[PDB]
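This text opens with one protein chain seen in two forms, each one given by itself as structure tokens under the names structure 1 and structure 2.
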Structure 1
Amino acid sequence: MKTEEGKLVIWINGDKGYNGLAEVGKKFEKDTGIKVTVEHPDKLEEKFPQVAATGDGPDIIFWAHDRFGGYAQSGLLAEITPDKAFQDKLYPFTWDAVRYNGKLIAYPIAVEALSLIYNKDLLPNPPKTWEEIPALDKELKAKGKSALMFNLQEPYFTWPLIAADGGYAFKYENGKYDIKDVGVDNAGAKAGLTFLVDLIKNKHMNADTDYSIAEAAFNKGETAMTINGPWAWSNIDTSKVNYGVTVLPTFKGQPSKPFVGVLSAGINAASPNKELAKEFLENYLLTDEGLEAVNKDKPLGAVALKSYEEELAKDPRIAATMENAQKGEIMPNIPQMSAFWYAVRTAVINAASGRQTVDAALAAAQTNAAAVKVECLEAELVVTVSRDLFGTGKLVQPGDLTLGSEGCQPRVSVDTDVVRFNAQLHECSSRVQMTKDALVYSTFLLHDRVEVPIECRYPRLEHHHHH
């Protein structure tokens, strides 16, 4: 077990202020002898639920509150025990974010929202509207520069624009999310995405741009604007690029609705140090002195500790962050939330690459989120289709569903709640895509006219040998 006794192990996403948390670590060793080890695994949002299945993994996991409901469902999270004294010390807004089934399942740390960052030297007046940007780009290209570059590979980043004209994740009727009602296929969503597809088509943005491309492009000086969070400031500051942080553009008059996220720290249900951890977080990290350590390394954003948030909220950058939170909505923490993220991730990618039409793409994003769970084994993958597609109570027969290319003959288990596909990867895949580090296998599940994309990533070191 990573988790030993008398020793703390923390997992935090690589982009956050990990070394600064390490300083808050060492200040906890010099006071208690308990060593704190902080590490930053890749895809750690996905690594955590696998290892902690078997009691493995860290004592404390740091991530945006949205994944924690899923974690807690699968019984991999400790319920935290903070007293009345402490609960008053953070913003109620943030406690409610870390709650699930009426239990607190993590400690809220900071509030994050995507603002629009811009180069005052290249563009002393940011655009107020999305519709301005194509034009703006032309003029800018003529000067050897570009208008806007941001991470098109994650959904987090393109959502503010989809939601804008009335996209949403899961409908919230009567204080409960209807998990069969996804607002990714509606007209407002189609509007947002189409506009974004055209930016790509008109060479105003490239479909390939990812987090590290966009970040360099801007920090070098090659792009006017970018979309990103508080954590990206640390670097921008270093490039000495003269920048400001303002409200995201509007679309069809309406504002961009970023998802607001609450950086939360969660205690492992299998950890033998649940009290030592409880102490680290409550009295060393969640303090005016401790938060400063991290926020110094990589800005946390609008920190949830009332105390320091107030001392800090006189920053125009956080000022913008908060304005954008306002026009946002907050992330659901339900389990299905990660199916959503995958659905949409694929949709955007397929639309922007022309693999699917925006209509078909977002049509699929619905079924995928509402009724599909994909699970990728070594040389076979498992596709679990919920029998009731959209809540109708009208179930489908196994003959309505079709997986992979023609030669793909999967074994079909059929319960009364699901229909299960167990399929031979190589034999069923419709296309494999090689990247510097990854291999993505892709195939389609058809139902009705609709085609939902089934998609499995692996690293490229699985070739050596026998795939």
Structure 2
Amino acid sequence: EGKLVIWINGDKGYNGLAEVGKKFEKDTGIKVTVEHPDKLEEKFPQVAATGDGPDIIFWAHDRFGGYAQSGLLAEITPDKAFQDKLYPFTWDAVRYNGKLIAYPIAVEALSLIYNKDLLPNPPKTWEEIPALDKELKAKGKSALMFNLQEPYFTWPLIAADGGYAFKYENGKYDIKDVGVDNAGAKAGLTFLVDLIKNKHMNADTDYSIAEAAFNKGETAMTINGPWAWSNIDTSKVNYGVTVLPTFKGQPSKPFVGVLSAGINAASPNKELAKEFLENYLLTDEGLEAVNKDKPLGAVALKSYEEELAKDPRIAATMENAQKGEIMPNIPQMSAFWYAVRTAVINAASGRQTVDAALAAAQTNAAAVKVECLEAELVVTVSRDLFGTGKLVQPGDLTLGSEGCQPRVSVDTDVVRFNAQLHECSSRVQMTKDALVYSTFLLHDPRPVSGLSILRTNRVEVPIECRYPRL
């Protein structure tokens, strides 16, 4: 106590935020340490639960609903005055069960970035790209390259024809109705898989690779957010930020993220944190510092938002955001992201059919929660697997092959597997960055007693853990 530790992703303007801390230390004498750990969104909950963790954590609003439910977040109490300074849309994003849990910072959205010396006219539709690629392939270039390793980037396409995360009905989200295995999704994803089959794109393409490609002018287009602009400005590439291409006449639907800053419920400096955020970061001078390092896009503060609205890049950001859908901040979000992530990855690698991959993503997102530990794996399965109300039995569930002998625990609503990674991995591989331990969870009620007909209750989902190669 007597300082502030802050966590924020590595792709954000952490250097600018540390400057806002440099000022905060000068005026109050309290030192601010800004950190940018990898997987900090998965790590925060882990440390915060043990009383530890940073004072302030930065991330899109979608994670904070889970945090608040786990009791890891202190409630924020800004007065009516301070509230008027921020847009009502941004406050809604950080509200869970009728409470304010974090401070809205900026509004993010994925935009289409093109290099106009290469491509004066950006494609208005996705379909135009397969052909536009052949033309560029002719002169040692590629049409499009972006991060295929994160569902955040490929979702805008999948969600175009009618893909959605959770059905919002009657004023609430139905965590059992997930729209990832419908025709709209399959369409979007199928198109993406085709691109990789057509070799118009590489399945192993991730953030840095797509960044370096576009920044070195090796590709005409890329998809990314405001934070990316800083590095593209330094590469002195004549680029442009425009609306995302439409898929089958329908516009791409990106998830709208609202960069938020929460306060650790176990943080001893709650008052100090409230000061820094309200009275140092959320001001014209504070947001300016960060924005300069890495663009925040459309800031939540009305005063500094209007000053940046002139920027055509921000305008295109807002346009895509307008055509997109705000992320739910419900705790089931993480399950959703994992489900989709695994889906896209398996499909793109041709390891699964689009129809199968999105089928498993359906179950995963609804019924399954995977937790990856150092040498250990935890899989939690909803007993109401199908949503029929008929609870499955533990003996019917099976993790991995015969060698996998996990410790099985059974609650009223769940069945939990604790498995050793070494014992339970059916498949291991290496990516640019990652070691991937993979396995499957299986529900096989058979042999059954009655005549199994219509819908089959044999379900198999992918269980995967990805670890950074250091």
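Start at 1 and count along the sequence of structure 1; that gives the residue numbers used here. Rigid core: the largest C-alpha set superposing within 1.5 Å between the two forms.
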Going by which superposition fits each C-alpha better, are residue 230 and residue 15 assigned to one rigid part between structure 1 and structure 2? yes
With the larger rigid part held fixed, what angle does the smaller part turn through between structure 1 and structure 2, rounded to the nearest degree? 16
Enter the rigid core superposed C-alpha shift of residue 377 between structure 1 and structure 2, rounded to one decimal in Å. 4.3
Once the rigid core is matched, what's the CA displacement of residue 173 between structure 1 and structure 2 in angstrom? 0.2
Mind pulling the C-alpha shift for residue 435 between structure 1 and structure 2, with the rigid core superposed, in Å? 3.8
